[PDB]
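One structure below.
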There are 2 protein chains.
Amino acid sequence: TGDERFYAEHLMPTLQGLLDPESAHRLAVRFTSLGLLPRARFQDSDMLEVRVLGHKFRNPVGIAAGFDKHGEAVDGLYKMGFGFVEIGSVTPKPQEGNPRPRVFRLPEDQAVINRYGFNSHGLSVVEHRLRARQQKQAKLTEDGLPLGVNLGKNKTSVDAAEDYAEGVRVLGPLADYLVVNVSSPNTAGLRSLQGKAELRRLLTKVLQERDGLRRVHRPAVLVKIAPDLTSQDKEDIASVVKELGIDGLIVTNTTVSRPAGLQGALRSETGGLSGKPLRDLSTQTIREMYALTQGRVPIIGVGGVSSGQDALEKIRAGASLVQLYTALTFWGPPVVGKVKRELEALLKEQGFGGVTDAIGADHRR
Amino acid sequence: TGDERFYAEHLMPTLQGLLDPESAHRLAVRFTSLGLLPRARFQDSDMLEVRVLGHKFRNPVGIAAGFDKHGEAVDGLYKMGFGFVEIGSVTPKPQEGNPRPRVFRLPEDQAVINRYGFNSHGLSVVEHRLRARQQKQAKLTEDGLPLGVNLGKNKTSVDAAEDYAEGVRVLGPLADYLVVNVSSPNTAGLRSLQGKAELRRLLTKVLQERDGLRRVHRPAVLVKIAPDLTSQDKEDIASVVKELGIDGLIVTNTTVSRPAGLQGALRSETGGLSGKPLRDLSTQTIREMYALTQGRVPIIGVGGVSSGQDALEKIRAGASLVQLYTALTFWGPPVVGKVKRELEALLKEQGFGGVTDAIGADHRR
Ligand SMILES: Cc1cc2nc3c(=O)[nH]c(=O)nc-3n(C[C@H](O)[C@H](O)[C@H](O)COP(=O)(O)O)c2cc1C
Ligand SMILES: Cc1cc2nc3c(=O)[nH]c(=O)nc-3n(C[C@H](O)[C@H](O)[C@H](O)COP(=O)(O)O)c2cc1C
Ligand SMILES: CC[C@@H](C)c1ccc(-c2nc3ccc(Br)cc3c(C(=O)O)c2C)cc1
Ligand SMILES: CC[C@@H](C)c1ccc(-c2nc3ccc(Br)cc3c(C(=O)O)c2C)cc1
Ligand SMILES: CCCCCCCCCCC[N+](C)(C)[O-]
Ligand SMILES: CCCCCCCCCCC[N+](C)(C)[O-]
Ligand SMILES: O=C(O)c1cc(=O)[nH]c(=O)[nH]1
Ligand SMILES: O=C(O)c1cc(=O)[nH]c(=O)[nH]1
């Protein structure tokens with residue numbers, strides 16, 4: 001907590017004052033991958049353990065996709081205290097993404113707007129990087145620290161479904177779960193894959209490919225959705241998920257909306273908005289998807305989590321696990337232990353024996 | 001905290017299971033007014049004290065209008081640990097309000113929908129009730145526990161401005177601050193008084209009447225606004241407030257919106273929605289009004305506050321004081337001490353010397 005205060009009040013604001021956010025991002029990935037951070041002090045208690053998606057998670061707090069896009073910092077992220085790590089999005093071929101600048105801080109809103117556009121080292125590079133530590137990961141996974149891989153589509157792809165199928169074939173065998181990212185606001189036409197008929201065709205193909213993998217190399221498949229869906233869109237997704245036996249949902253990606261009240265000078269930049277202004281939009285989307293799937297489909301809740309209260313609100317709304325990203329950029333590494341310690345305190349205060357007991361609790365009130 | 005858990009987990013859910021919400025409301029007012037609650041244990045520290053609106057507030061946590069509509073429970077509310085009490089809305093003549101049922105719980109959303117329609121004992125009854133304890137209130141106020149009076153308009157009023165003027169004349173001399181409630185979603189035509197030209201005419205008249213009161217009986221005047229305003233509406237309110245020297249704003253009343261994701265069976269009932277689903281809508285409205293008024297106009301922040309984090313988010317967005325109501329209905333009296341204790345902890349954790357230092361802090365980031 002002295003550490004928490006030092007990072008939040010001194011170190012992070014200073015780094016943000018010195019570097020543009022993309023440079024700071026690159027440096028953070030480098031520092032994390034070199035293990036230069038001291039190992040997090042918080043010791044995960046048994047009440048934080050969750051069993052879902054065919055795996056044990058030592059704690060329910062993960063790092064969201066987009067921080068480690070290319071799988072370079074996975075071990076340093078576990079060292080920070082994350083219960084699970086998701087890398088990506090990874091596209092089949094390497095691609096540069098959008099021209100710079102393409103990421104913007106909104107400090108007054110504790111938010112970020114990004115339009116990276118799936119900058120990716122590509123499947124082949126990431127495959128080799130993961131293969132180099134594959135057995136180390138197998139041990140981590142067995143110890144309750146799973147790895148997720150988030151798949152995207154190349155900008156010039158003439159067949160979206162084949163892009164995702166290729167990712168299943170190449171990175172599926174290296175992942176505990178795969179995410180079909182059909183919700184980036186930064187690749188033209190992508191979010192239209194959330195529509196009923198596309199989504200059914202796409203996910204049938206993804207699931208066929210996944211089912212074709214050898215048993216020990218067969219990941220769970222999750223779909224990551226936008227916070228900007230119509231009620232019709234959400235009903236349709238819920239129906240397809242149940243029809244096909246999709247293993248879970250990630251709720252939500254960034255928003256293309258700009259909520260009333262944003263103060264940052266850069267609020268009108270094109271891109272997806274993340275952080276505090278997204279928080280309750282995400283929570284409400286979790287609540288809706290949990291109800292539509294009858295609580296039978298595991299949800300990873302993401303968007304604006306920066307405290308134990310934020311985490312518990314998403315868990316009570318229906319999330320089995322949560323992720324954060326934007327909070328790390330403002331508060332630094334100590335935010336992980338902060339969220340975990342506050343979550344444990346609140347679980348006890350509200351009479352929950354553990355995280356598992358709190359999942360979807362608001363729906364039973 | 002054992003008390004907190006008993007109320008939240010046992011007592012309150014049991015009362016809610018036994019009584020319709022209007023009956024429970026009536027019983028709560030009666031019990032509070034009889035002092036039947038034990039006096040709250042939390043001792044207000046100096047870091048919670050705020051000086052604003054020409055008064056000292058021992059702590060920044062108030063009870064919002066609509067709980068004690070007729071000024072029957074003011075002393076019992078201070079006993080609960082509220083730093084200030086707001087009664088009302090009070091209409092010039094007595095009126096029954098809407099037919100029953102007119103209030104609805106949404107337990108799955110931690111929300112309420114109400115359409116009371118300004119049920120009021122009227123000015124004359126409330127005047128006598130306040131006069132009976134006027135000197136007791138003068139001492140409370142001097143000790144840092146001010147009283148606000150919220151004014152409404154009768155359903156059949158042929159002249160809204162004169163309704164508010166009458167309230168200023170009759171209850172102004174008994175109040176530390178008055179609130180011109182132009183934001184009830186439950187009286188036809190009322191919210192149109194938020195428009196620039198009406199509002200200017202109305203508030204000029206209110207301020208003239210207030211200025212006509214003797215110095216020691218001259219209250220601050222605040223305007224309470226909706227969370228459903230357009231950007232144009234908010235710009236216009238900010239402009240009128242500065243043009244006329246209005247003393248403060250109360251942000252916000254209940255919403256006529258129904259955010260995506262509401263789960264309660266009663267979500268489609270007509271009325272204003274309060275509680276958790278309103279929280280971030282309110283916070284964003286505070287953020288916007290603070291910026292539009294350059295931080296020079298005190299804001300009382302209200303909508304979905306049930307924790308110290310909720311309170312601090314509104315303070316950092318620009319609120320000098322906060323109020324709650326809906327949280328009390330789910331968590332009971334211990335929620336007041338809970339909010340205060342958590343707020344104090346968070347202020348220390350974030351390096352604020354006191355509440356005053358945190359006011360509008362997000363705008364300086
Ligand atoms: C800079 C940045 C890059 C991102 N890249 C990706 C990505 O490649 N794939 C993806 O599925 N989500 C991506 N996201 C979205 C996050 O995974 C997460 O859904 C979103 O930011 C909400 O969480 P937060 O508010 O905690 O940041 C990115 C977010 C940010 C801020
Ligand atoms: C049952 C009920 C009655 C209310 N009556 C009034 C009222 O008479 N005047 C008023 O200005 N606001 C009234 N409100 C609004 C509250 O003062 C407050 O602005 C709103 O409920 C948001 O706060 P909360 O989420 O903490 O309840 C009422 C709210 C509720 C739930
Ligand atoms: C790994 C070192 C710690 C101290 C660290 C953590 C996060 C950051 C950081 N990461 C970002 C990632 C993505 C984006 Br977009 C922005 C950042 C920023 C930033 O806001 O500049 C920071 C500081 C920098 C350093
Ligand atoms: C004053 C006694 C304490 C224990 C108490 C506090 C609040 C309530 C209460 N107040 C309400 C006020 C307005 C509305 Br609308 C509803 C309530 C409810 C309720 O949800 O039924 C309660 C329980 C009941 C008892
Ligand atoms: C036309 C060239 C396409 C190759 C794309 C390059 C890989 C993506 C760039 C990510 C940034 N990087 C970490 C390499 O510096
Ligand atoms: C036509 C009769 C108008 C008189 C209105 C009565 C006062 C408002 C009712 C509030 C409920 N009460 C607390 C009295 O039971
Ligand atoms: O690469 C990006 O632009 C990106 C992808 C994504 O899924 N979400 C996001 O906010 N940005
Ligand atoms: O009496 C009511 O109906 C009422 C008034 C008000 O200002 N706000 C509200 O939600 N209800």
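Identifiers for the structure tokens are assigned positionally: chains receive A, B, ... in sequence, residues are indexed from 1 per chain, and ligands are indexed from 1 in the order shown.
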If you count only C-alpha atoms and all ligand atoms, which residues end up within 10 Å of ligand 3, as a PyMOL selection string?
-> chain A and resi 7+11-37+66-68+73+76-77+80+102-107+110-116+274+325-334
Would you list, as number ranges by chain, the residues of segment 33-258 of chain A that end up in strand (DSSP E or B) under DSSP run on this structure's backbone?
-> A: 50-52, 55-57, 61-63, 84-90, 95, 103-106, 111-114, 120, 147-151, 177-181, 220-225, 248-251, 255
Superposition of chain A onto chain B by least squares over all sequentially paired C-alpha atoms; the transformed chain is requested as a compact mmCIF listing (two decimals) with C-alpha atoms, in the first residue's frame.
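Result written to part-v2.txt:
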```
# COMPACT_ATOMS: atom_id res chain seq x y z
CA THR A 1 -19.56 -4.59 10.40
CA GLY A 2 -21.25 -7.46 12.18
CA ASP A 3 -24.13 -5.05 12.38
CA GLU A 4 -23.61 -4.20 8.67
CA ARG A 5 -23.78 -7.90 7.77
CA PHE A 6 -26.81 -8.60 9.97
CA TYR A 7 -28.82 -5.81 8.34
CA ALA A 8 -27.69 -6.51 4.79
CA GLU A 9 -27.97 -10.30 4.94
CA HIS A 10 -30.88 -10.81 7.37
CA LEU A 11 -32.96 -7.91 8.62
CA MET A 12 -33.47 -5.86 5.42
CA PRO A 13 -34.20 -8.79 3.05
CA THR A 14 -36.68 -10.08 5.65
CA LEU A 15 -38.50 -6.73 5.90
CA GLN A 16 -38.54 -6.49 2.09
CA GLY A 17 -40.02 -10.00 1.86
CA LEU A 18 -42.79 -9.07 4.32
CA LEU A 19 -43.86 -5.59 3.22
CA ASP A 20 -44.54 -3.82 -0.05
CA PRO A 21 -42.01 -0.97 -0.45
CA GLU A 22 -44.44 1.91 0.33
CA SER A 23 -45.48 0.24 3.64
CA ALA A 24 -41.85 -0.40 4.49
CA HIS A 25 -41.08 3.28 3.71
CA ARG A 26 -43.87 4.48 6.02
CA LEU A 27 -42.68 2.14 8.80
CA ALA A 28 -39.06 3.26 8.33
CA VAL A 29 -40.08 6.94 8.65
CA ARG A 30 -42.07 6.11 11.82
CA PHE A 31 -39.23 4.06 13.40
CA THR A 32 -36.66 6.69 12.52
CA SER A 33 -38.77 9.52 13.96
CA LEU A 34 -39.29 7.60 17.22
CA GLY A 35 -35.51 7.21 17.54
CA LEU A 36 -35.97 3.43 17.83
CA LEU A 37 -32.65 2.78 16.04
CA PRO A 38 -29.59 2.70 18.30
CA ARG A 39 -27.32 5.75 17.77
CA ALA A 40 -24.64 5.12 15.11
CA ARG A 41 -21.20 4.14 16.49
CA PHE A 42 -18.92 5.74 13.82
CA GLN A 43 -17.19 8.90 15.09
CA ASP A 44 -16.69 11.53 12.37
CA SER A 45 -13.03 12.47 11.95
CA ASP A 46 -11.87 15.96 10.98
CA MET A 47 -10.91 14.80 7.46
CA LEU A 48 -14.65 14.35 6.66
CA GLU A 49 -15.58 17.95 7.50
CA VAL A 50 -16.54 20.17 4.55
CA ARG A 51 -17.21 23.91 4.49
CA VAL A 52 -19.58 24.89 1.69
CA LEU A 53 -22.88 26.79 1.03
CA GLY A 54 -22.09 29.06 4.01
CA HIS A 55 -22.03 26.11 6.42
CA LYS A 56 -19.87 23.52 8.08
CA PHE A 57 -20.82 19.90 7.37
CA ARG A 58 -19.45 17.43 9.95
CA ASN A 59 -19.38 14.77 7.20
CA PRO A 60 -20.29 14.93 3.52
CA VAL A 61 -22.92 12.13 3.51
CA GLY A 62 -26.54 13.31 3.44
CA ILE A 63 -29.93 11.69 3.11
CA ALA A 64 -31.49 12.60 -0.28
CA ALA A 65 -34.97 14.14 -0.67
CA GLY A 66 -37.91 11.76 -0.82
CA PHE A 67 -37.20 9.67 2.25
CA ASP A 68 -38.52 12.22 4.75
CA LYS A 69 -40.94 14.02 2.43
CA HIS A 70 -42.80 15.81 5.25
CA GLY A 71 -40.08 16.64 7.78
CA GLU A 72 -41.11 13.98 10.33
CA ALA A 73 -37.81 12.17 10.98
CA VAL A 74 -35.10 14.82 10.84
CA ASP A 75 -33.63 14.15 14.27
CA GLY A 76 -33.63 10.36 13.83
CA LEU A 77 -31.75 10.87 10.54
CA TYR A 78 -28.96 12.81 12.25
CA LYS A 79 -28.89 9.97 14.80
CA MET A 80 -28.19 7.54 11.88
CA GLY A 81 -25.00 9.48 11.17
CA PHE A 82 -25.98 11.65 8.19
CA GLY A 83 -23.95 14.86 7.97
CA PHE A 84 -26.96 16.76 6.64
CA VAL A 85 -30.62 16.10 6.03
CA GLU A 86 -32.81 17.15 3.12
CA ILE A 87 -36.59 16.96 3.48
CA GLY A 88 -39.22 17.16 0.77
CA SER A 89 -40.22 17.60 -1.88
CA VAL A 90 -42.89 19.81 -0.27
CA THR A 91 -45.72 21.26 -2.41
CA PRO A 92 -47.68 24.45 -1.51
CA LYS A 93 -51.01 22.72 -0.88
CA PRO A 94 -51.37 19.15 0.42
CA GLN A 95 -51.83 16.54 -2.32
CA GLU A 96 -52.14 12.79 -2.37
CA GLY A 97 -49.74 11.97 -5.25
CA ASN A 98 -50.35 9.06 -7.66
CA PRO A 99 -52.61 6.03 -7.09
CA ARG A 100 -51.02 2.93 -5.54
CA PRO A 101 -48.94 0.92 -6.20
CA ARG A 102 -46.45 3.64 -7.08
CA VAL A 103 -43.09 2.26 -5.95
CA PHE A 104 -41.32 -0.90 -7.08
CA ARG A 105 -38.22 -2.78 -6.02
CA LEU A 106 -35.72 -4.19 -8.53
CA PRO A 107 -33.66 -6.37 -6.17
CA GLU A 108 -31.60 -8.00 -8.96
CA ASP A 109 -30.46 -4.49 -9.98
CA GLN A 110 -30.21 -2.95 -6.49
CA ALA A 111 -32.61 -0.34 -7.86
CA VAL A 112 -36.04 1.19 -7.24
CA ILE A 113 -38.57 2.69 -9.62
CA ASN A 114 -40.96 5.26 -8.08
CA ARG A 115 -43.85 7.34 -9.34
CA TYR A 116 -45.05 8.89 -6.04
CA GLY A 117 -46.03 12.11 -7.81
CA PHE A 118 -45.19 14.57 -4.97
CA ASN A 119 -47.41 13.21 -2.21
CA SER A 120 -47.02 16.05 0.31
CA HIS A 121 -48.51 17.24 3.61
CA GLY A 122 -48.07 20.72 2.12
CA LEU A 123 -46.21 23.86 3.20
CA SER A 124 -48.37 24.78 6.20
CA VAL A 125 -48.04 21.38 7.92
CA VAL A 126 -44.31 21.15 7.27
CA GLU A 127 -43.81 24.80 8.40
CA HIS A 128 -45.34 24.03 11.81
CA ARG A 129 -43.38 20.80 12.11
CA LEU A 130 -40.10 22.63 11.46
CA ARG A 131 -41.03 25.58 13.69
CA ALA A 132 -41.52 23.12 16.59
CA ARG A 133 -37.83 22.19 16.48
CA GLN A 134 -36.40 25.39 14.91
CA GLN A 135 -33.99 26.22 17.77
CA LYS A 136 -32.88 22.63 18.12
CA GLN A 137 -32.04 22.85 14.38
CA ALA A 138 -30.17 26.13 14.84
CA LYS A 139 -27.88 24.31 17.34
CA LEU A 140 -27.47 21.29 15.06
CA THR A 141 -26.58 23.57 12.15
CA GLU A 142 -24.00 25.44 14.28
CA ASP A 143 -22.59 22.02 15.23
CA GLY A 144 -22.12 21.07 11.56
CA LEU A 145 -25.44 19.32 10.81
CA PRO A 146 -27.40 21.50 8.34
CA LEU A 147 -30.97 21.09 7.08
CA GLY A 148 -32.11 21.36 3.47
CA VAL A 149 -35.65 21.75 2.23
CA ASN A 150 -36.63 20.59 -1.22
CA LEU A 151 -39.54 22.44 -2.91
CA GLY A 152 -41.98 21.05 -5.48
CA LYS A 153 -45.04 22.24 -7.41
CA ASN A 154 -48.67 21.16 -7.03
CA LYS A 155 -50.14 19.00 -9.79
CA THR A 156 -52.90 21.53 -10.68
CA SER A 157 -50.72 24.65 -10.35
CA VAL A 158 -51.44 27.28 -13.04
CA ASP A 159 -48.13 29.08 -12.31
CA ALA A 160 -45.05 26.98 -11.42
CA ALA A 161 -42.90 29.96 -10.45
CA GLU A 162 -45.43 31.12 -7.87
CA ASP A 163 -45.52 27.63 -6.32
CA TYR A 164 -41.74 27.79 -5.80
CA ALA A 165 -41.90 31.41 -4.62
CA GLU A 166 -44.47 30.42 -1.94
CA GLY A 167 -42.15 27.63 -0.76
CA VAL A 168 -39.25 30.12 -0.51
CA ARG A 169 -41.40 32.47 1.57
CA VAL A 170 -42.79 29.80 3.93
CA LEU A 171 -39.88 27.33 4.34
CA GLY A 172 -36.88 29.44 3.36
CA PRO A 173 -36.66 30.95 6.86
CA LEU A 174 -36.43 27.43 8.35
CA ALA A 175 -33.78 26.00 5.99
CA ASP A 176 -30.03 26.17 5.59
CA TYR A 177 -30.54 25.55 1.88
CA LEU A 178 -33.48 25.29 -0.45
CA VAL A 179 -33.68 23.10 -3.54
CA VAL A 180 -35.69 24.04 -6.57
CA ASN A 181 -36.70 20.66 -7.78
CA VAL A 182 -37.32 20.99 -11.48
CA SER A 183 -36.34 17.37 -12.21
CA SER A 184 -39.05 15.04 -10.93
CA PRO A 185 -40.00 12.67 -13.76
CA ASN A 186 -43.44 12.21 -12.10
CA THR A 187 -45.21 15.55 -12.53
CA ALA A 188 -46.33 16.48 -16.06
CA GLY A 189 -44.45 19.40 -17.59
CA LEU A 190 -42.05 19.75 -14.63
CA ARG A 191 -38.77 18.87 -16.35
CA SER A 192 -39.48 21.45 -19.10
CA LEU A 193 -38.68 24.05 -16.37
CA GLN A 194 -35.04 23.01 -16.92
CA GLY A 195 -35.12 24.76 -20.34
CA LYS A 196 -33.12 28.00 -20.59
CA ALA A 197 -35.87 30.63 -20.80
CA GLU A 198 -38.20 29.03 -18.14
CA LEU A 199 -35.43 28.32 -15.90
CA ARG A 200 -34.11 31.90 -16.08
CA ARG A 201 -37.56 33.37 -15.36
CA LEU A 202 -38.25 30.84 -12.59
CA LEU A 203 -34.88 31.23 -10.83
CA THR A 204 -34.89 35.05 -11.05
CA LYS A 205 -38.21 34.95 -9.18
CA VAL A 206 -36.94 32.39 -6.61
CA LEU A 207 -33.77 34.39 -5.97
CA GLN A 208 -35.70 37.68 -5.61
CA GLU A 209 -37.94 36.03 -2.99
CA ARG A 210 -34.98 34.51 -1.13
CA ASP A 211 -33.13 37.85 -1.14
CA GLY A 212 -36.26 39.43 0.43
CA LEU A 213 -35.81 37.28 3.57
CA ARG A 214 -34.11 38.61 6.72
CA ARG A 215 -30.33 37.97 6.81
CA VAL A 216 -30.31 35.22 9.45
CA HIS A 217 -33.20 33.47 7.66
CA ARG A 218 -31.74 33.63 4.18
CA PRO A 219 -30.97 30.13 2.77
CA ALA A 220 -28.65 29.13 -0.07
CA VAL A 221 -30.64 28.16 -3.21
CA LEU A 222 -29.71 25.04 -5.25
CA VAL A 223 -31.28 23.59 -8.41
CA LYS A 224 -31.74 19.82 -8.64
CA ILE A 225 -31.40 18.48 -12.14
CA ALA A 226 -32.19 15.31 -14.06
CA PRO A 227 -29.65 12.78 -15.32
CA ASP A 228 -31.51 12.76 -18.70
CA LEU A 229 -30.54 16.20 -20.04
CA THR A 230 -29.16 16.85 -23.48
CA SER A 231 -25.73 18.52 -23.81
CA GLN A 232 -27.62 21.68 -24.85
CA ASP A 233 -29.75 21.49 -21.66
CA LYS A 234 -26.64 21.16 -19.46
CA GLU A 235 -24.87 24.08 -21.22
CA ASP A 236 -27.96 26.24 -20.73
CA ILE A 237 -28.30 25.34 -17.03
CA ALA A 238 -24.64 26.09 -16.43
CA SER A 239 -25.04 29.48 -18.16
CA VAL A 240 -28.16 30.46 -16.14
CA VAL A 241 -26.57 29.30 -12.85
CA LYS A 242 -23.58 31.56 -13.45
CA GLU A 243 -25.67 34.45 -14.81
CA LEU A 244 -27.92 34.50 -11.70
CA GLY A 245 -25.44 33.45 -9.00
CA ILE A 246 -27.34 30.27 -8.03
CA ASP A 247 -25.58 28.85 -4.98
CA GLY A 248 -25.30 25.20 -6.01
CA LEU A 249 -26.59 22.21 -7.92
CA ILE A 250 -27.94 18.83 -6.89
CA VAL A 251 -26.93 16.24 -9.47
CA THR A 252 -28.98 14.09 -10.01
CA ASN A 253 -32.62 13.12 -9.61
CA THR A 254 -33.90 9.71 -10.84
CA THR A 255 -33.71 8.65 -14.47
CA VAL A 256 -36.58 8.00 -16.91
CA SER A 257 -34.09 5.93 -18.93
CA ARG A 258 -33.90 2.17 -18.52
CA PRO A 259 -30.25 1.23 -19.04
CA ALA A 260 -29.61 -1.92 -21.02
CA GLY A 261 -29.16 -4.90 -18.71
CA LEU A 262 -31.82 -4.31 -16.05
CA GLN A 263 -33.00 -7.71 -14.76
CA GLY A 264 -35.83 -6.83 -12.35
CA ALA A 265 -39.26 -8.11 -13.40
CA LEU A 266 -40.61 -4.58 -12.77
CA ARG A 267 -38.11 -2.76 -15.03
CA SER A 268 -40.86 -1.53 -17.39
CA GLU A 269 -42.94 0.24 -14.69
CA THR A 270 -43.37 3.98 -15.30
CA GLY A 271 -41.36 6.24 -12.99
CA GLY A 272 -37.89 7.37 -12.00
CA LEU A 273 -35.18 4.74 -11.60
CA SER A 274 -32.74 5.09 -8.67
CA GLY A 275 -29.89 3.02 -7.19
CA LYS A 276 -26.97 1.20 -8.82
CA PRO A 277 -28.08 1.53 -12.47
CA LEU A 278 -28.14 5.33 -12.04
CA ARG A 279 -24.69 5.55 -10.42
CA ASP A 280 -22.34 6.27 -13.33
CA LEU A 281 -24.91 8.30 -15.28
CA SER A 282 -25.06 10.61 -12.19
CA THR A 283 -21.27 10.68 -11.77
CA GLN A 284 -20.82 11.69 -15.43
CA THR A 285 -23.44 14.44 -15.06
CA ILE A 286 -21.52 15.77 -12.01
CA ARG A 287 -18.31 15.68 -14.03
CA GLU A 288 -19.93 17.65 -16.86
CA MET A 289 -21.61 20.27 -14.62
CA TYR A 290 -18.41 20.86 -12.62
CA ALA A 291 -16.45 21.53 -15.85
CA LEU A 292 -19.22 23.76 -17.27
CA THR A 293 -19.29 25.86 -14.09
CA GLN A 294 -15.48 25.94 -13.82
CA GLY A 295 -15.52 24.33 -10.45
CA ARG A 296 -16.99 27.46 -8.92
CA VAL A 297 -20.45 26.15 -8.15
CA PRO A 298 -20.83 23.63 -5.27
CA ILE A 299 -22.38 20.33 -6.36
CA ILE A 300 -24.20 17.81 -4.18
CA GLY A 301 -23.71 14.47 -5.90
CA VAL A 302 -26.46 11.88 -5.72
CA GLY A 303 -27.43 8.65 -7.48
CA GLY A 304 -26.43 5.07 -6.71
CA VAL A 305 -24.04 5.75 -3.79
CA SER A 306 -23.69 2.66 -1.62
CA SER A 307 -20.00 2.63 -0.67
CA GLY A 308 -17.06 4.84 0.10
CA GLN A 309 -15.74 4.24 -3.44
CA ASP A 310 -19.05 5.45 -4.92
CA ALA A 311 -18.87 8.55 -2.69
CA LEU A 312 -15.23 9.32 -3.56
CA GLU A 313 -15.85 8.88 -7.29
CA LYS A 314 -18.51 11.59 -7.12
CA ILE A 315 -16.31 13.85 -4.94
CA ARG A 316 -13.37 13.46 -7.36
CA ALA A 317 -15.75 14.18 -10.29
CA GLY A 318 -16.68 17.48 -8.61
CA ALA A 319 -19.17 16.92 -5.74
CA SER A 320 -18.56 18.81 -2.47
CA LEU A 321 -21.14 16.64 -0.68
CA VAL A 322 -23.00 13.42 -1.54
CA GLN A 323 -26.42 11.99 -0.71
CA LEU A 324 -27.92 8.54 -0.80
CA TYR A 325 -31.36 7.07 -0.52
CA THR A 326 -31.83 3.76 -2.40
CA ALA A 327 -28.83 2.10 -0.67
CA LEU A 328 -30.56 2.63 2.70
CA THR A 329 -33.50 0.55 1.47
CA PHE A 330 -31.30 -2.46 0.66
CA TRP A 331 -28.59 -2.26 3.31
CA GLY A 332 -30.35 -0.39 6.10
CA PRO A 333 -28.95 2.21 8.54
CA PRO A 334 -25.47 0.63 8.85
CA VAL A 335 -24.76 1.72 5.25
CA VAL A 336 -24.20 5.31 6.50
CA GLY A 337 -21.28 4.40 8.77
CA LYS A 338 -20.01 2.00 6.08
CA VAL A 339 -19.83 4.75 3.45
CA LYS A 340 -18.13 7.13 5.90
CA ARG A 341 -15.53 4.61 7.12
CA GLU A 342 -14.69 3.45 3.58
CA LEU A 343 -14.48 7.06 2.36
CA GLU A 344 -12.02 7.98 5.12
CA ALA A 345 -9.85 4.89 4.33
CA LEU A 346 -9.80 5.69 0.60
CA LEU A 347 -8.99 9.36 1.16
CA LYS A 348 -5.90 8.28 3.16
CA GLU A 349 -4.94 5.60 0.61
CA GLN A 350 -5.08 8.15 -2.23
CA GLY A 351 -3.02 10.78 -0.38
CA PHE A 352 -5.82 13.29 0.32
CA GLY A 353 -5.55 15.25 3.56
CA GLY A 354 -9.36 15.41 3.66
CA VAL A 355 -12.56 15.48 1.61
CA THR A 356 -11.95 19.10 0.63
CA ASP A 357 -8.68 18.17 -1.11
CA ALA A 358 -10.42 15.49 -3.16
CA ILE A 359 -13.22 17.73 -4.55
CA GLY A 360 -12.88 17.87 -8.35
CA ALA A 361 -9.46 16.08 -8.19
CA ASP A 362 -10.15 14.16 -11.44
CA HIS A 363 -10.23 17.45 -13.36
CA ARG A 364 -6.70 18.33 -12.19
CA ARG A 365 -5.17 14.95 -13.27
```
Could you please write out, as a ChimeraX atom specification, every residue of segment 197-334 of chain A that DSSP assigns to alpha helix (DSSP H)?
-> /A:197-211,231-244,279-292,308-317,326-331,334
